[PDB]
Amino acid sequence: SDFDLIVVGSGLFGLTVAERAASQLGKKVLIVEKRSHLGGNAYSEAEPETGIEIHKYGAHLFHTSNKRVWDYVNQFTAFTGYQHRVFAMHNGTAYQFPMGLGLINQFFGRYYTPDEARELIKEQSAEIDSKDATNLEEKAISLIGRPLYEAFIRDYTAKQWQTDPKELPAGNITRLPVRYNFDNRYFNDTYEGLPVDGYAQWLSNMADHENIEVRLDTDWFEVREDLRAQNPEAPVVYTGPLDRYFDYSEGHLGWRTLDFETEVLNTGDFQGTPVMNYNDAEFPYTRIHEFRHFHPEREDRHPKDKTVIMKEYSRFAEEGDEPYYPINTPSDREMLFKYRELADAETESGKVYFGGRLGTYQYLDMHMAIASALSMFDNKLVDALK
């Protein structure tokens, strides 16, 4: 055959499945991608004026405590020692972030020892018992009190979900969001970095194999019947939109989206930190990314006097807009459960597997997706190709 496996999509999920099949089974794998680039939403490319790497589908920071995934992805790229950190902009002052002794000192006026700070939160959050809460506004206040809630959460949350906190489930926060030390790593995980020569280089390396064929700029639904004709019992992995596979026969799945406003400024340094959250409602966007800071080890290939930055906005996502975050209304999660039924049928009837962010209506971190792929590979695909 020309191929033994067809993979729809070239996000981390497709790529992984693909590469395993190529290197571990030695099969011929054909990757079909709609866009003109490899990588799915993880893709990054250089801004033309400045040369600086940016991400046209949202900023991507790689982090995992999953050693399996880590050793794996390191097979295809090295990482930097980048540790992600964030600052929160509120009333013209940049606060340390997330919530901890640092922010606490800046906001309530003076230093609180760890023990002091636990107590400070005790009194503040005493208003509502977490067992009481009816919506998102309460449940937070019940965890950290009104002063903090109103300053750092209320508007930020509102902007991100286009809504009032009072009209959101209480179940969306599940943990005390406060640290009683000065540690402001944003992420708790074992391993963390950025791909050394960027994501594009990395993603691309995953498909650079003597058994993988990649057709960019190709829609699967336009070429499916043709390709399956060439070798009919070659199986498919579909990482595209779940609902669309089944021609929305059952209602459109509901997604949240993002609009990105990307400017080049005539300064070498606009905020001196990669990410700057904006928590006051006076501003449309949720945060400003300044991309040079993600790779400071490159700042000798960077513009002395220019910098690229990007403002992130949120809204609901519909048609033509890129889907980013599943919304998961109740009326979404059953039309899902339903499509599951369809997919399984379709998986047994016609050897077509469903995976990844779009393919399962589900938020996935990068390592999550990669693992999800590796699961499917080992559990479903090894026997499916014998």
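Residue indices: 1-based, along the sequence shown.
Peer 1: So 175-183 or 133-141, which one's hotter by mean CA B-factor in the entry?
Peer 2: The stretch with the larger average C-alpha B-factor is 133-141.
Peer 1: Tell me which of 323-331 and 26-34 has the higher mean C-alpha B-factor in the deposited entry.
Peer 2: Stretch with the greater average CA B-factor: 323-331.
Peer 1: Checking the record values for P147, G198, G240, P296, which has the greatest CA B factor?
Peer 2: The listed residue with the largest C-alpha B-factor is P147.
Peer 1: Could you check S125, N205, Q83, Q96 and tell me which one carries the biggest Cα B-factor in the deposited entry?
Peer 2: Going by the entry's C-alpha B-factors, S125 comes out highest.
Peer 1: Which third of the chain holds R154 when residues are ordered by C-alpha B factor: lowest, middle or highest?
Peer 2: Top third by C-alpha B-factor.
Peer 1: Among all modelled residues of this chain, ranked by Cα B factor, put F221 in the bottom, middle or top third, i.e. lowest, middle or highest.
Peer 2: Middle third, going by the recorded CA B-factors of the chain.
Peer 1: Could you tell me which third, lowest, middle or highest, the C-alpha B-factor of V73 occupies within its chain?
Peer 2: CA B-factor rank for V73: lowest third.
Peer 1: Report the third (lowest, middle or highest) to which the CA temperature factor of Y353 belongs, ranking only the modelled residues of the same chain.
Peer 2: Middle third.
Peer 1: Compared with the other modelled residues in the chain, in which third is the CA B-factor of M310?
Peer 2: Middle third - that is where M310 ends up once the chain's C-alpha B-factors are sorted.
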